[PDB]
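Enquirer:
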Amino acid sequence: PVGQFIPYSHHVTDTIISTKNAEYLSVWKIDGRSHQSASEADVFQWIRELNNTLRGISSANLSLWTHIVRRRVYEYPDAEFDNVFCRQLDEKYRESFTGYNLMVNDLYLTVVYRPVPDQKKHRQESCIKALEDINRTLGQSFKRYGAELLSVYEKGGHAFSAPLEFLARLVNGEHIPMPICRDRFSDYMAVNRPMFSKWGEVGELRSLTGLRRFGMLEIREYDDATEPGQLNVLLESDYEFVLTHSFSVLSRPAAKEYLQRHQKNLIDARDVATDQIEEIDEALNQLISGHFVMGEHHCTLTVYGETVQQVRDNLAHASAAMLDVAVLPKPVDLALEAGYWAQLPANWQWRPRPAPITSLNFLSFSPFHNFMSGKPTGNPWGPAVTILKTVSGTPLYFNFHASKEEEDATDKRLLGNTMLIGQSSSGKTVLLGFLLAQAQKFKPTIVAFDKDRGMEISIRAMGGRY
Amino acid sequence: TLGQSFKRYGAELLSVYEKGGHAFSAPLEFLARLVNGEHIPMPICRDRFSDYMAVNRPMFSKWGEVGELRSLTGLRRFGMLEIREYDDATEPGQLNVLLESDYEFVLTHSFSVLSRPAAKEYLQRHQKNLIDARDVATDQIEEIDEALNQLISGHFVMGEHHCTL
Amino acid sequence: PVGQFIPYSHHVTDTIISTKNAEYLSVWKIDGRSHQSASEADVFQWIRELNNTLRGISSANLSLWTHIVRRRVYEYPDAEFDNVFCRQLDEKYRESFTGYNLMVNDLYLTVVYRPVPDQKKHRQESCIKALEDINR
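Chains as they are written, first to last, in the deposited numbering: chain B, 15 to 130, 146 to 495; chain C, 166 to 330; chain D, 15 to 130, 146 to 165.
1. Between which residues of its own chain and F429/B is the CB-CB distance below 7 Å, once the five residues before and five after are set aside?
2. Which class does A355/B belong to by DSSP, given the choice of helix, strand or coil?
3. State yes or no: is the C-beta of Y251/B within less than 9 Å of the C-beta of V356/B?
4. Can you check DSSP and say which residues form a bridge with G244/B?
5. Answer yes or no: do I209/C and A197/C have a C-beta to C-beta separation smaller than 9 Å?
6. Pull out every residue of the stretch 329–353 of chain B whose Cβ sits closer than 9 Å to any Cβ of chain C, in chain order.
7. On the DSSP letters alone, give me the boundaries of the alpha helix (DSSP H) that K227/B sits inside.
8. Determine, for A254/C, whether the minimum Cβ-Cβ distance to residues of chain D falls below 9 Å.
9. Rounded to whole angstroms, how far is the Cβ of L39/B from the Cβ of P374/B, which I believe are closer than 8 Å?
10. Go ahead and label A347/B buried or exposed: buried means 16 or more other beta carbons lie within 10 angstroms of its beta carbon, across all protein chains shown.
11. How many Å lie between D304/B and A284/B at the Cα?
12. Does any residue of chain C have a CB that is nearer than 9 Å to the CB of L357/B?
13. To the nearest angstrom, how far is it from the Cα of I71/D to the Cα of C156/D?
14. Assuming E269/B and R85/B are in contact, meaning their beta carbons sit under 8 Å apart, how far apart are those beta carbons, in whole angstroms?
15. Under three-state DSSP, which class holds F195/B?
16. Check the DSSP bridge columns for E233/C and list the partner residues they point to.
17. Along the alpha helix (DSSP H) that carries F463/B, what are the first and last residues, could you check?
18. Can the beta-carbon of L330/C be found less than 9 Å from the beta-carbon of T273/C?
19. Taking C-beta pairs closer than 7 Å, name the residues in chain D that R299/C reaches, listed in chain order.
20. Can you name the residues of chain C whose CB is closer than 8 Å to the CB of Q153/D?
21. Can you give the Cα-Cα distance for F111/D and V118/D, rounded to whole angstroms?
22. Below 8 Å between beta carbons is the criterion; list the residues of the stretch 90–103 of chain D that meet it against any residue of chain C, in chain order.
23. Throw me the rounded Cβ distance for the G411/B and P91/B pair, which I believe falls under 8 Å.
24. Counting only the same chain and skipping the five closest in sequence on each side, list residues whose C-beta sits under 8 Å from that of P409/B.
25. If you draw a straight line from the C-alpha of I416/B to the C-alpha of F214/B, how long is it?
26. In the stretch 42–86 of chain B, which residue ranges form an unbroken beta strand (DSSP E) of at least 3 residues, counting only runs that do not cross its ends?
27. Going along the chain, which residues of the stretch 239–251 of chain B sit with their C-beta nearer than 7 Å to a C-beta in chain C?
28. Using only the alpha-carbon positions, how far apart do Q148/D and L116/D sit?
29. At the 9 Å Cβ level, is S72/D part of the contact set with chain C, yes or no?
30. Under 7 Å Cβ to Cβ from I309/B, same chain only, skipping five residues before and after it: list those, please.
31. Going by other Cβ atoms of all chains shown within 10 Å of its Cβ, with 16 needed for buried, is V301/C buried or exposed?
32. Name the chain B residues that come within less than 7 Å of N314/C, Cβ to Cβ?
33. Going by Cα to Cα distance, which pick from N164/B, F400/B, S275/B is closest to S388/B?
34. Tell me the start and end of each unbroken beta strand (DSSP E) in the stretch 257–336 of chain B that is at least 3 residues and wholly inside, in chain order.
35. Rounded to whole angstroms, how far is the Cβ of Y174/B from the Cβ of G258/B, which I believe are closer than 8 Å?
36. By alpha-carbon positions, which one of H327/B, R281/B, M491/B ends up nearest to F391/B?
Written out as C-alpha cells, the structure reads:
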C-alpha cells in the first residue's frame with residue numbers, strides 16, 4: 015500500500031507541511047558555497063559560524079535532513095535561433111559537449127520539528158511560531174549561501190507546492206510538479222511505487238520513463254575527527270545518487286546519558302585505557318556552553334539506474350571513495366526495503382543505526398556545494414548556455430539573473446547585470462560573440478557599444494546593423 | 166633480522182603509513198590487492214577487518230574453468246595454475262621467464278617450515294613408500310638418507326609448500 | 015589428471031622406461047624407407063628382411079606397439095628473413111603454399127619387454158640386457 019511509511023499532509027501553512035503524526039517541517043534549497051575557491055581557514059570559519067548558528071538552535075525534538083541529490087538534467091531545452099550559423103555553433107558546441115557526465119548536484123536542508146481540539150490548535154500555532162523564527166534565523170544565517178525557502182508556487186497555473194515536489198524526487202526520483210489537493214497527501218505521492226526483493230540485493234522502480242533500480246549503502250564507523258570538507262569527493266561522482274544525512278538533536282540529559290555510555294564503552298572496555306576519555310567531559314562543558322551539541326545521526330547513500338550490474342559498479346565506486354575518505358560503508362541487506370523510507374525527513378522509525386555525533390562532526394560532512402548555476406531552467410527566460418569544463422567539475426548552465434544581497438529583494442524580475450574583467454580581446458571577443466550567439470535564443474533588443482571593430486562581422490552576420 | 170638481511174636488497178617493512186591522512190593501515194591495502202585485485206586503501210576502524218576486505222567480492226564459474234571479479238575497472242576473469250612436477254635440481258633464476266609476461270599476474274609461494282622430528286618422520290615415511298612397490302630401482306632411495314643427513318645436521322629444512330599462480 | 019590405473023614410471027635408466035606393472039619400455043623414431051619411390055619387389059625384400067628380424071626376435075613376454083601419428087606443423091618457428099626481397103618472396107610463397115592439408119605424418123615404435146627386494150632388480154636387469162640386445 016502507498017501512503018504507508020509516508021507521513022506528509024500539506025495542511026498547515028505555505029512553508030510548513032504537517033505529517034500524519036503531529037510533526038511539522040520545511041525545506042530549504044541551498045546553493046552552498048564553493049569548497050574549491052576558499053582557503054581551509056575559510057572552511058573552518060564557515061563550519062564554526064554554522065556551529066554558532068545551530069548553537070542558538072535548541073534540542074526541542076528538532077532534526078535536520080540534508081539531501082545531496084545529483085541528476086542528469088534533461089530539462090535543458092534544444093536551441094532554436096531562426097539562424098543557420100548560430101545553430102551550427104550550438105551543434106558544434108554540443109558535439110564538443112559530448113561526455114562531461116551531465117549530472118549536477120543539489121543541496122537541500124529539511125528542518126523538522128516535533129513537539130517533544147483547541148489544545149491541538151494552540152500546540153500547532155506555537156510550533157508554527159517557533160519554526161517561523163527558526164526559519165528567519167536560518168535565512169539571516171545563510172545570507173552567503175543563497176538559500177531559498179520553498180513554499181509559494183502559486184499562479185503557475187493554479188497553486189503548486191514545490192516542497193512536496195522535492196519530496197517526490199525522494200520517493201519517485203523524477204521531478205514531478207505535485208499539486209495541492211484536498212487529501213491527506215501521503216497517498217498521493219508514491220507515483221512510481223518501488224519494489225523490493227526478498228533478499229536485499231537491489232530494488233526496482235516502475236517509472237513510465239523506464240524501469241530503474243536502486244541500491245543502498247549505509248555508512249558507519251566514522252573517523253572521530255574529520256577533515257572539514259570530508260565528503261566532497263562525491264560531487265564529481267558519476268552515478269546520479271541521493272545522499273541523506275539525518276540528525277535528530279538529543280537533550281542534555283540524553284547527552285549526559287550518552288557520555289556515561291561512552292565511559293561504559295571506553296574505560297569499561299576490556300581493561301584498557303588509551304587516553305580516550307580526556308576531552309569527553311571537556312566537550313560536556315562545551316555543550317553546556319552550547320558548543321558540542323550531540324544528536325542521533327545516520328547517513329545513507331542511494332544510487333539508481335538501469336542495468337543491475339551498473340548499480341553494483343556504482344556501489345563499488347561509492348565504497349571506493351568511502352574508503353578513500355576513511356569512513357566504512359556497509360552494503361545493505363533486506364533492510365533497504367525499510368532503508369528507502371529512511372531517506373524521508375519524518376521517518377525516524379526506519380533509521381537503521383542512529384549513532385550519536387557532535388554538531389561539528391556532523392557539519393564537517395555536508396554543506397559544501399560545488400559551483401553550478403541555479404538556472405538549467407526555471408529562469409525568467411531560458412537558460413543561456415551550459416558552460417562546460419569546470420576544472421575537475423560539472424557543466425555550469427550559465428545565465429544572468431542570479432539573486433544578490435537582498436536589499437529590496439524584488440528590485441526587478443531578478444537583477445542580472447554582468448561585468449567582464451580582463452585584457453583587451455584576450456579571448457574576450459570570442460566569448461562575447463559566444464554569449465551573443467547564445468543570447469540569440471531569446472531575440473533581445475541588442476545595443477552594442479564597441480570600441481574598435483567589436484565583432485562587427487559577427488553582429489552583422491546575425492542580421493544586425495553595426 | 167630481516168632488515169639486517171635485506172640491507173643489500175631494497176626491502177621495506179610496511180605498516181608505517183598509519184596517520185597518513187587519517188590512519189590507513191598499509192599492508193591491508195596490499196591484502197586488498199590480494200583479494201579485490203585493486204589498490205583499495207584500507208583505513209583503520211573500530212571493527213574486526215575480516216568483514217571489510219571484500220570490496221569487490223570475486224565469483225567463480227559453475228565448472229571452475231575460470232573465475233570472475235567485478236573490479237573497479239569492471240568485470241574481469243581469473244585463470245589459475247596450481248603446481249606439480251618440480252625440476253628437483255633447482256636452478257637459481259628459474260622463474261625469470263615470467264618477467265616479460267604481459268598479464269600482471271599474481272604469484273603465491275607458500276612455506277610453513279616443518280620441525281626436525283616432523284620432517285624426519287616424513288622422510289622415513291617417504292623412504293618406506295619408496296621401498297614398498299615393485300619396480301622401484303631408481304637408486305634415489307638413499308637421497309632420502311642424504312636429506313635426513315642434511316636435516317639432522319640442520320643445514321636445510323623442509324617445510325610444507327604450495328605454489329599458485 | 016587422474017590415472018586410469020595407467021601403468022607408468024621412470025624407474026630404470028636413460029633409454030628404458032618403466033611401468034608400475036614392472037614392464038619396461040623403449041621408443042624408436044622411424045623416418046622409414048619411402049615406399050612411393052621403390053619397386054614392390056624391394057618392398058617384398060624389406061618385409062622378408064624384417065620377418066627375418068622377427069626370427070631374431072624372442073618370445074619372452076615381448077610386446078611391440080607401433081604408432082603412426084599425423085600432426086600439424088604448428089611447432090615450426092616461421093619468421094622473417096631480414097632481407098627485403100627474401101621476406102617478400104618467401105612469405106608470398108608460404109601464402110602461395112596455402113597448406114593443402116599440411117600435416118606431417120611420423121612413425122614410432124615401442125618395444126616393451128616384460129621379465130617373464147632384489148628379485149625385481151634382477152628381473153629388470155635381465156630386462157635391461159634383453160632390451161639392449163633388442164635395440165641393438
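The beta carbon of each residue, even a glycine, is placed where N, CA and C say it ideally should be.
Expert: If we stick to the structure as given:
1. Only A413, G445, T447 meet the Cβ criterion.
2. Note: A355/B maps to coil in three-state DSSP.
3. Contact check for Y251/B against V356/B passes: the beta carbons are separated by less than 9 Å.
4. DSSP lists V332/B as the beta-bridge partner residues of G244/B.
5. In this structure, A197/C does not lie closer than 9 Å to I209/C by Cβ.
6. For the stretch 329–353 of chain B, the set of residues with a beta-carbon nearer than 9 Å to any beta-carbon of chain C comprises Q338, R341, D342, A345, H346, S348, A349, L352, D353, in chain order.
7. DSSP places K227/B outside any alpha helix (DSSP H), giving it a letter other than H or E.
8. For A254/C, the answer is no, since every Cβ of chain D falls outside 9 Å of its Cβ.
9. In this structure, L39/B and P374/B form a Cβ contact; the two beta carbons are roughly 6 Å apart against a cut-off of 8 Å.
10. Looking at its Cβ environment, which holds 16 or more other Cβ atoms inside 10 Å, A347/B is buried.
11. Taking the straight line from one Cα to the other gives about 21 Å.
12. Interface residue, yes.
13. One C-alpha to the other measures close to 14 Å.
14. Your pair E269/B and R85/B checks out as a contact, with CB atoms roughly 6 Å apart and the cut at 8 Å.
15. In this structure, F195/B counts as helix in the three-state DSSP scheme.
16. Listed as beta-bridge partners of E233/C by DSSP are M224/C, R242/C.
17. Secondary structure note for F463/B: its alpha helix (DSSP H) is the uninterrupted segment 457–468.
18. It is a contact, given that the beta carbons lie within the stated cut-off.
19. Per Cβ cutoff of 7 Å: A36, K149.
20. Near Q153/D (Cβ distances below 8 Å), the residues of chain C are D300, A302.
21. Distance between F111/D and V118/D, taken at the CA atoms: about 15 Å.
22. So the list is empty, because no residue satisfies the distance condition.
23. Contact between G411/B and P91/B is confirmed by a C-beta separation of about 6 Å, below the 8 Å threshold.
24. Answer for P409/B: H430, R442, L443, listed in chain order.
25. Taking the straight line joining both Cα atoms gives about 39 Å.
26. The DSSP assignment places 76–86 as complete runs of the beta strand (DSSP E) inside the stretch 42–86 of chain B, in order along the chain (cut-off: 3 residues).
27. Those residues of the stretch 239–251 of chain B that come within reach of chain C (Cβ to Cβ, closer than 7 Å) are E250.
28. The alpha-carbon atoms of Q148/D and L116/D are separated by roughly 50 Å.
29. Taking Cβ atoms only, chain C never reaches closer than 9 Å to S72/D, which makes this a no.
30. The residues are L288, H291.
31. Buried, because 16 or more other Cβ atoms sit within 10 Å of the Cβ of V301/C.
32. Those within 7 Å of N314/C in chain B number zero; the least Cβ separation is about 50 Å.
33. That would be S275/B, whose Cα lies nearest to the Cα of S388/B.
34. Taken in chain order, the unbroken stretches of beta strand (DSSP E) that lie wholly in the stretch 257–336 of chain B and span 3 residues or more are 270–278, 323–334.
35. No, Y174/B and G258/B are not in contact; Cβ-Cβ is about 15 Å, not under 8 Å.
36. Closest by alpha carbon: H327/B.
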